[PDB]
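In: model the following, please.
(2 chains, ligands or ions: 7)
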Amino acid sequence: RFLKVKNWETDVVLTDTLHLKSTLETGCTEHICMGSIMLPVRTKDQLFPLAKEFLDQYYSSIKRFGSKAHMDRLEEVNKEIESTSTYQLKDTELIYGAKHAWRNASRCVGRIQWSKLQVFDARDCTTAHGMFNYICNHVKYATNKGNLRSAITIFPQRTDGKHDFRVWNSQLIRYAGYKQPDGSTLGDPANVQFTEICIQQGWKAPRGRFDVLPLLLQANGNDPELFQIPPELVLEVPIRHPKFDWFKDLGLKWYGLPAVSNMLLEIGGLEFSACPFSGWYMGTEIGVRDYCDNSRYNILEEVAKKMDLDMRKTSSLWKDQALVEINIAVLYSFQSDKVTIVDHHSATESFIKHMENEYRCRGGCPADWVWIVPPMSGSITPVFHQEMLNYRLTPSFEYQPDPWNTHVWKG
Amino acid sequence: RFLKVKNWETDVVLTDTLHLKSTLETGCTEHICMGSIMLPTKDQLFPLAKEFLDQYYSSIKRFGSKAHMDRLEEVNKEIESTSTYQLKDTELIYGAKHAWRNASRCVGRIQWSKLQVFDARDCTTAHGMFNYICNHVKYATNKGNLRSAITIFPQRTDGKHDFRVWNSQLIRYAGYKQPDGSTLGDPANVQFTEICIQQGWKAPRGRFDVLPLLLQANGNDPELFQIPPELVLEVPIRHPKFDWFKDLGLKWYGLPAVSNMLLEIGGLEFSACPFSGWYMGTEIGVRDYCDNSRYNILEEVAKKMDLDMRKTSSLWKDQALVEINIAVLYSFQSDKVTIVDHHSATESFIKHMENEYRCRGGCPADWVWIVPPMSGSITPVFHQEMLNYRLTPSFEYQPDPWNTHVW
Ligand code: HEM
Ligand code: HEM
Ligand SMILES: Cc1cc(N)nc(COC[C@H]2C[C@H](OCc3cc(C)cc(N)n3)CN2)c1
Ligand SMILES: Cc1cc(N)nc(COC[C@H]2C[C@H](OCc3cc(C)cc(N)n3)CN2)c1
Ligand SMILES: C[C@H](O)[C@H](O)[C@H]1CNc2nc(N)[nH]c(=O)c2N1
Ligand SMILES: C[C@H](O)[C@H](O)[C@H]1CNc2nc(N)[nH]c(=O)c2N1
Ligand SMILES: [Zn+2]
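Out: Residues are numbered from 1 along each chain as shown, chains lettered A, B, ... in the order given. Ligands and ions are numbered 1, 2, ... in the order given. Below, you will see the structure:
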């Protein structure tokens, strides 16, 4: 079957066939759409088909489908599964798998870059100290003094589910949040729970508004251990505005390296529960969400106050006015300091070009409109006007529950 | 089978049971989500009638009464005998209000129970349709104090005698393809304008020409009528701080009035059912004014503001966008024409969702349409999980009549 998508601005029509290769479920049915729902130990049994499907895809990508090398690898993996109940990826397959999980990530607007991903193989890691070292190297490499490079570090896969490698942090670099006795929050409200765990584990909290959290690292199913990222490795940008000189006095800064550390990478049925990956920021992630969500730094009021906007009625669009200024400031600050960032116009335009190319060479590009459309100025970006088809391909990145909810404490 | 929706800003969780009533299909499957796709006999009719009358009698706390049974019997007899049936006035009003209630793409539904229903099932000619429509326009406009209304023409019969309004909205501006190569007026309406010209209309060839109505009675060839200019409330657009803004020569009309949709009630089909509310500011200032395939004025406005249009990263488009939208709201407010901003409307909608969850067990909502086209995440609907599903009575898309009509 063929499925068409239309862009209602350009009338360009694309034809999707790639969706036929999708097997995993969406959450939706013929009677309900779950498109806005954020979230709608394998046996041999289930494992060889998953491995075979992956290796067929890999060997096709290298133009060696059906070759002796392809057949020998299938046999070798099969014997390894029946004998050890799992298998190890070759380095090449690991690299291919990790790039494809990114290529397949339907919520990711930054996918034009998918084939340029530096893969760091950390499958020989055994301890939390080993993990800390790998992560520091990743941070240093990715940061590259402001000229950001995409990277992923891949720790040992799940075995019995009792020996999992996990990074307890949701991102490698994030600011602490502290709930005060009066009910207010100091720092980032998103990270209160994790910050409380760190303190419990023995972290001495500076208790300021932008304290970089320690890493809390779990190797081999052991209790997690605390480590401080060397401050010299943590690149940060003070936020100022090109025309408003009072903007600096808001005391705002942000870190340069967006690095997700709590997702699960699935390749050929294997589960990599610790796979921190990083890119660079689109400006709205910081200027819209991190700064202006009510449940985050929530700076809209203070900024609009300083701008002397009419705050007496929502219909003055004071919030919208302050919003644009904050986002100008984020982009200006990053650019002035020579730290990679992309604006939402540039990034959505690139994604549309990526998507059309993918339709041509690959037969499709799964995309989740709810996430791809930026959180400000939606319809003045080309993605708003683009019909998208959302479906799940493997290799993939998946959500996993926070480890404090599941961990069996050794003590 | 029982489903939860979470608000990620407030942690409030609602439980949806109403989706289990859902009849029609979404376009989605377990394998593929189509959430962002714009458009994915006697024997058939009695089930649909029954389902509807059951919900109606339920709503007036008379479920399983003799009056309920008797009506089911009567409609059953009527379908058996005539191949269709006629709604009671009470049922018509109920169905129309519920079609709005069920409109998953409508952020303005807190208002759903205050809908004025004009029963035009006694209409027979295009001139009668023109009359009904003028009365709707005047009633709804109410000198700027807008009131929601729907006018319901006769239901489909054998489908060769359809009433249709060919216009997509009762009030829209003409679009003219130019020798130049550009477009004058609204490019969205170039084709409909040509059809009007072809059917005889004398176009003034301006930027903001109110289109004539093209009305189809009883499956006949449609006819042209000019809405009395005096019934079309328009608003010149100025800015509370930028004096040059008025020089752009922009205006918009007060009454958003959809006229090309099909109302389905208890299996009966009302192919001409124009309905109207009032505007949310972004519809005009973001979509009508700034879409590239619409009036596309961002460039001109940005220039008048003297912004750095060199780099996308100066966010000049974004800055101009906010100002255009401040001006739209300010202009409607100053002229006392009802308008709602996107903060107000979305806040109202969250309250409505809570009401519907509490009283009805849910509210079908299409997040893709509900979240405004600017400043998404600073409105509360962005952070609200929504389940989308189809309930009847409903408003449905139907194809433009010219691709169908046999002249
Ligand atoms: C290279 C620069 C990149 C940019 C500008 C970018 C942009 C984004 C943005 C804006 C989002 C939505 C983020 C949010 O709203 O929370 C996102 C989501 C995501 N991207 Fe990227 N991306 C980049 C690189 C990467 C890389 C290297 C990977 C993995 C190898 C990746 C995989 C993902 C995934 C899995 C999500 C979904 C996250 C979730 O569900 O919470 N992206 N991307
Ligand atoms: C009273 C003020 C109202 C407001 C502020 C309002 C708001 C909106 C908005 C902003 C949209 C999206 C329009 C677009 O993006 O093109 C919409 C869609 C819609 N509304 Fe309303 N609404 C109102 C009244 C009504 C009424 C009176 C009805 C029917 C009786 C209705 C039924 C619909 C339908 C069916 C759609 C979807 C149209 C489509 O699919 O193209 N609404 N509403
Ligand atoms: C790699 C990368 C680059 C870039 N520019 N930006 C990002 C941001 O991704 C951050 C990730 C972490 C939050 O996760 C929230 C979340 C919650 C839940 C319940 C599920 C889910 N998939 N995601 C939102 N997206 C990642
Ligand atoms: C009643 C009402 C109130 C209000 N404030 N705003 C409106 C605007 O609705 C206008 C209607 C006409 C366009 O039609 C778009 C469209 C196209 C297609 C192909 C399908 C579809 N369902 N809708 C967009 N929605 C309507
Ligand atoms: C309920 C809703 O799905 C939720 O707020 C989503 C909407 N779209 C998003 N889009 C992006 N990029 N990131 C997000 O966190 C969200 N949140
Ligand atoms: C392709 C995509 O579905 C399309 O551009 C939608 C997105 N959301 C929308 N939302 C509203 N309210 N109105 C629209 O016309 C659209 N267009
Ligand atoms: Zn769906």
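In: so which bits of chain A are right by ligand 5?
Out: Residues of chain A lying close to ligand 5 (C-beta under 6 Å from any ligand atom) are A:36, A:38, A:370, A:371. In short, each C-beta sits where N, CA and C put it, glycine included.
In: can you narrow the residues you listed down to the ones near chain B?
Out: Contacts with chain B within those, counted by C-beta under 8 Å from any C-beta of the partner chain: A:36, A:38, A:370.
In: residues near the first one, how many?
Out: Here the count is done by other C-beta atoms under 10 Å in any protein chain shown, and residue A:36 has 25 residues near it.
In: what does residue A:320 give?
Out: Residue A:320 has 28 neighbouring residues, counting by other C-beta under 10 Å.
In: where's it relative to residue B:374, distance?
Out: Residue A:320 is 7 Å from residue B:374, where distance means C-beta to C-beta, to the nearest Å.
In: spit out the residues that contact the two alike.
Out: Residues touching both residue A:320 and residue B:374 (C-beta atoms under 8 Å, 6 or more residues apart in numbering or on different chains) are B:322, B:325.
In: may I see the buried residues of stretch A:100-107?
Out: Buried residues in stretch A:100-107, counting neighbours by 16 or more other C-beta atoms under 10 Å in any protein chain shown, are found at A:100, A:101, A:102, A:103, A:104, A:105, A:106.
In: so residue A:354 sits against residue A:111, correct?
Out: Yes: Residue A:354 is in contact with residue A:111 according to C-beta atoms under 8 Å; the separation is 5.7 Å.
In: let me see the backbone angles for the residue in the stretch 301-411 of chain A that ligand 3 sits nearest to.
Out: Closest to ligand 3 within the stretch 301-411 of chain A is residue A:399: 4.3 Å, counting by C-beta to the nearest ligand atom. Backbone torsions of residue A:399, given as degrees, to the nearest 10, read phi -70, psi 150.
In: what residues are up against residue A:237?
Out: Shown in contact with residue A:237 (C-beta under 8 Å, 6+ apart): A:253, A:254, A:255, A:256, A:333, A:334, A:337, A:339.
In: break chain A into its domains for me.
Out: A:16-123+A:150-160+A:264-278+A:348-372, A:124-149+A:164-235+A:399-403, A:236-258+A:281-346 (curated CATH domains).
In: tell me which of those sits most buried.
Out: Ranked by mean neighbour count, the domains of chain A are led by domain A:236-258+A:281-346 with a mean of 20 (mean count of other C-beta atoms under 10 Å in any protein chain shown).
In: in chain A, which residue sits furthest out from the middle?
Out: residue A:312 (38.3 Å; C-alpha atoms, centre = their mean).
In: can you tell me the SS state at that one?
Out: Under DSSP: H, G, I helix; E, B strand; the rest coil, residue A:312 falls in the coil class.
In: residue A:81 against residue A:51, yeah?
Out: Yes: contact criterion C-beta under 8 Å: residue A:81 and residue A:51 qualify, at 6.7 Å.
In: three-state assignment of the residue nearest to residue A:336 when sequence neighbours are not counted?
Out: Spatial nearest neighbour of residue A:336, excluding adjacent residues (C-beta to C-beta, 6 or more residues apart in numbering or on different chains): residue A:240 at 7.8 Å. Secondary structure, three-state DSSP: residue A:240 is coil.
In: make sure residue A:240 is actually in contact with residue A:329.
Out: Yes: with contact defined as C-beta under 8 Å, residue A:240 reaches residue A:329; the gap is 6.5 Å.
In: how near is the closest residue in space to residue A:145 that isn't next to it in sequence to ligand 5?
Out: Take residue A:145 and drop its neighbours on the chain: the residue closest to it by C-beta to C-beta, 6+ apart is residue A:235, 7.5 Å away. To ligand 5, residue A:235 is 23 Å away according to C-beta to the nearest ligand atom, to the nearest Å.
In: need the contact list for residue A:235.
Out: Counting by C-beta under 8 Å, 6+ apart, residue A:235 has contacts A:143, A:145, A:146, A:255, A:256, A:257, A:339.
In: between these, which is closest to ligand 3?
Out: Closest approach between the contacts of residue A:235 and ligand 3, by C-beta to the nearest ligand atom: residue A:257, at 9.1 Å.
In: the closest one sits in which helix or strand?
Out: Under DSSP states H and E, no helix or strand contains residue A:257.
In: do stretch A:181-192 and chain B meet?
Out: No: shown here: stretch A:181-192 not in contact with chain B (C-beta under 8 Å from any C-beta), separated by at least 10.6 Å.
In: test my guess that residue A:250 contacts residue A:301.
Out: No: if you go by C-beta under 8 Å, residue A:250 and residue A:301 don't touch, sitting 11.6 Å apart.
In: and residue A:270, what are its phi and psi?
Out: Dihedral angles (degrees, to the nearest 10) for residue A:270: phi -80, psi 150.
In: repeat for residue A:299
Out: Torsion angles at residue A:299 (phi, psi; degrees, to the nearest 10) stand at phi -100, psi 0.
In: which residues touch it?
Out: Contacts of residue A:299 by C-beta under 8 Å, 6+ apart are A:250, A:252, A:291, A:292, A:326.
In: the last one contacts residue A:284, correct?
Out: No: with contact defined as C-beta under 8 Å, residue A:326 does not count as touching residue A:284 (10.0 Å).
In: now residue A:159. Nearest residue, chain neighbours left out?
Out: Spatially, and ignoring its direct neighbours in sequence, residue A:159 is nearest to residue A:86 (6.7 Å; C-beta to C-beta, 6+ apart).
In: now the stretch 201-350 of chain A against ligand 6: closest residue?
Out: residue A:348 (12.7 Å).
In: what's the neighbour count on the residue lying closest to that residue once chain neighbours are set aside?
Out: What sits nearest to residue A:348 in space, not counting adjacent residues and going by C-beta to C-beta, 6+ apart, is residue A:381, at 4.0 Å. Using other C-beta under 10 Å, the number of residues around residue A:381 comes to 27.
In: again, but for the one 3 residues further on
Out: Residue A:384 is surrounded by 23 other residues when neighbours are defined as other C-beta under 10 Å.
In: quick one, what contacts the nearest residue to it once chain neighbours are set aside?
Out: Once flanking residues are discounted, residue A:384 sits nearest to residue A:378: 4.8 Å by C-beta to C-beta, 6+ apart. Neighbouring residues of residue A:378 by C-beta under 8 Å, 6+ apart: A:384, B:371, B:372, B:373, B:374, B:376.
In: flag every residue of the stretch 151-300 of chain A that's near chain B.
Out: So the stretch 151-300 of chain A meets chain B at A:283, A:288, A:289, A:292, A:293, A:294, A:295, A:300 (C-beta under 8 Å from any C-beta).
In: residue contacts, whichever residue of the stretch 1-150 of chain A sits closest to ligand 6?
Out: Nearest residue of the stretch 1-150 of chain A to ligand 6 (C-beta to the nearest ligand atom) works out as residue A:8 at 5.1 Å. Each residue near residue A:8 by C-beta under 8 Å, 6+ apart is listed here: A:385, A:387, B:38, B:293.
In: now the closest residue to ligand 7 within the stretch 101-250 of chain A, what are its backbone angles?
Out: Residue of the stretch 101-250 of chain A nearest ligand 7, by C-beta to the ion: residue A:106 (12.1 Å). Torsion angles at residue A:106 (phi, psi; degrees, to the nearest 10) stand at phi -70, psi -20.
In: also residue A:171?
Out: phi -130, psi 150.
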